Amino acid sequence: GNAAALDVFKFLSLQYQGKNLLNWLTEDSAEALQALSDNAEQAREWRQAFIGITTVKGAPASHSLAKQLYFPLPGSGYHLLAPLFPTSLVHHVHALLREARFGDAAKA
RNA sequence: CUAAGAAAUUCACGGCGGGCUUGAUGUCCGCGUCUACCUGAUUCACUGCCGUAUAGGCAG
């Protein structure tokens with residue numbers, strides 16, 4: 001999304017009492033859902049807003065510049081298979097490779 | 001029906017100033033290389049004659 005609104009991301013990914021705010025706002029926790037709003041309706045609308053950030057926004061669409069690859073079905077058929085870039089996998093492999101190539105134990 | 005489908009990197013350029021690498025040196029003792037074979041298979045498509053002949057025959 002926007003590169004200037006990422007402050008709410010680090011505010012939402014906080015670990016105040018031991019774990020993330022996401023699981024706190026998914027469940028009906030008494031500790032959460034009241035520290036942010038004095039009114040119940042404000043708490044509800046803020047909760048739906050902060051939880052819908054992990055859901056798909058809009059209709060499912062893959063652009064023309066995106067890749068779509070036919071895969072032949074076993075019996076007389078095809079599926080379209082538009083793949084998305086696994087940024088989580090490349091981040092995890094980047095962390096592993098950075099540890100292997102520039103880590104303290106590795107360079108030792 | 002292919003991480004599908006598409007694409008101009010490119011213009012210009014002084015690398016050179018100079019220099020002692022030299023001194024010395026024991027390679028070395030010893031040694032059983034044997035045994036047994038058909039080169040030759042049409043392996044000399046050769047020399048001469050009749051005929052203008054490359055066409056085609058003939059002589060030892």
Side-chain angles (χ1 to χ4, degrees), chain A residues 1-15 18-27 30 32-36 40-108:
Chain A
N2 265 32
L6 60 86
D7 62 358
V8 76
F9 169 60
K10 70 179 184 292
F11 182 76
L12 188 153
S13 78
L14 282 178
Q15 280 73 232
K19 55 164 297 305
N20 198 1
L21 279 164
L22 271 159
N23 199 3
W24 290 353
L25 275 72
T26 51
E27 59 187 0
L33 315 168
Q34 305 287 326
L36 74 164
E41 194 266 332
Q42 309 298 326
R44 287 284 85 79
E45 61 97 13
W46 279 324
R47 188 254 181 187
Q48 273 70 244
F50 279 44
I51 292 300
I53 204 168
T54 192
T55 74
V56 175
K57 292 181 181 179
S62 68
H63 203 257
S64 178
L65 299 164
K67 299 296 178 303
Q68 314 182 27
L69 280 299
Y70 290 102
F71 204 91
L73 283 187
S76 78
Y78 298 92
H79 287 152
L80 260 177
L81 280 72
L84 304 184
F85 190 81
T87 180
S88 55
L89 291 175
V90 298
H91 206 261
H92 179 252
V93 179
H94 185 99
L96 289 176
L97 260 63
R98 200 170 28 110
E99 181 65 29
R101 304 221 331 274
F102 308 108
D104 189 358
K107 67 184 289 184

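By convention in this document, chain letters (A, B, ...) are assigned in the order of the sequence lines, proteins followed by strands, and residues within each chain are numbered from 1. What you see below is based on every heavy atom in this structure, not just the backbone, and it leaves out hydrogens, waters and symmetry mates.
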What pucker does [N] show by its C1'-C2'-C3'-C4' sign, north or south?
N	result
B:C29	north
B:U33	north
B:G51	north
B:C34	north
B:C11	north

Which other residues belong to the hydrophobic cluster containing A:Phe102, where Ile, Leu, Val, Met, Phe, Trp and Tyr are joined when side-chain heavy atoms lie under 4.5 Å apart, directly or via other members?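 So far as hydrophobic clustering goes, A:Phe102 is joined with none.
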
Linking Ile, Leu, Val, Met, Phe, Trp and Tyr by side-chain heavy atoms under 4.5 Å, what else ends up with A:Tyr70? A:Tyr78, A:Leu80

Mind checking which nucleotides bracket the chain A contacts on RNA chain B, 5' to 3', with an atom under 4.0 Å from a heavy atom?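 Range of nucleotides within reach of chain A: B:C1 to B:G5.
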
So, do A:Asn20 and A:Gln15 sit near enough that their side-chain heavy atoms are less than 4.5 Å apart? yes

Taking C-beta and beyond as the side chain, do A:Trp24 and A:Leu21 meet within less than 4.5 Å on heavy atoms?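 They are in contact (side-chain heavy atoms under 4.5 Å apart), so the answer is yes.
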
How should the glycosidic conformation of [N] be described, syn or anti, under the criterion that syn lies within 90° of 0?
N	result
B:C44	syn
B:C46	anti
B:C37	syn
B:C29	anti
B:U43	anti

Quick check: are there more than 12 heavy atoms from other residues, nucleotides or ligands sitting under 6.0 Å from CD1 of A:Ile53? no

Is the [N]-[M] step stacked (ring centres under 5.5 angstrom, plane angle under 30°)?
N	M	result
B:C37	B:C38	no
B:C13	B:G14	no
B:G19	B:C20	no

In whole Å, measure the gap between the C1' atoms of B:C1 and B:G5 for me. 12 Å

side-chain contact (heavy atoms from CB on, under 4.5 Å), that's the test. Do A:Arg44 and A:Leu33 meet it? Break it down for me. CA-CA 8 Å; A:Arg44 287 284 85 79; A:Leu33 315 168; 3.4 Å; yes

Positions of residues 69-81 of chain A (non-hydrogen atom under 4.0 Å from RNA chain B), listed by number: A:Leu69, A:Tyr70, A:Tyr78

Taking RNA chain B as the partner, which of residues 87-97 of chain A come within under 4.0 angstrom of it by heavy atom? none

Show the nearest heavy-atom pair for residues A:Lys67 and A:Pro83, with the distance to one decimal.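 Looking at all heavy atoms of both residues, the shortest contact is O-CD, 3.2 Å.
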
Hey, does A:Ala82 reach any base, or is it just sugar-phosphate, or nothing, if we go heavy atoms under 4.0 Å?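 No contact.
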
Approximate separation, where rounding is to 0.5 Å, of A:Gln48 CD and A:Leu25 CG: 9.5 Å

According to side-chain hydrogen bond (donor to acceptor under 3.5 Å, both in side chains), who are the partners of A:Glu99, at least two apart in sequence or on a separate chain?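 None.
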
